[PDB]
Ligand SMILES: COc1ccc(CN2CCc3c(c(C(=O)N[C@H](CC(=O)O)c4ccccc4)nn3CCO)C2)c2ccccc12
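Next comes just one chain, in structure tokens: the form solved without the ligand.
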């Protein structure tokens, strides 16, 4: 029993709040991407979150930060 979809959108929703934090917004992209990876988001979920806050990032640029 996985509940794959619910845990995915919980991670993204928490990520959106994080990325909207007024202090977090003024930190570099690499710092935010590493933070979200440490909370269990995949690169694809990190990409979804950046689009949802209106600062879209490419999948490759996220993967390149994390590789």
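Positions refer to the first chain, counted from 1.
There is also a form deposited with the ligand bound; it is not shown, and the following applies to it.
**Q** I'd like to know if residue 47 sits close to the ligand in the entry with it bound, meaning any non-hydrogen atom pair within 4.5 angstroms.
**A** Taking the distances in the entry with it bound, the answer for residue 47 is no, it never comes within 4.5 Å of the ligand.
**Q** Might residue 24 be said to contact the ligand in the entry with it bound, defining contact as any heavy atom within 4.5 Å?
**A** Taking the distances in the entry with it bound, the answer for residue 24 is yes, it comes within 4.5 Å of the ligand.
**Q** I'd like to check something about residue 11: if you look in the entry with it bound, is any of its heavy atoms closer than or equal to 4.5 Å to a heavy atom of the ligand?
**A** Answer yes; at least one heavy atom of residue 11 falls within 4.5 Å of the ligand in the entry with it bound.
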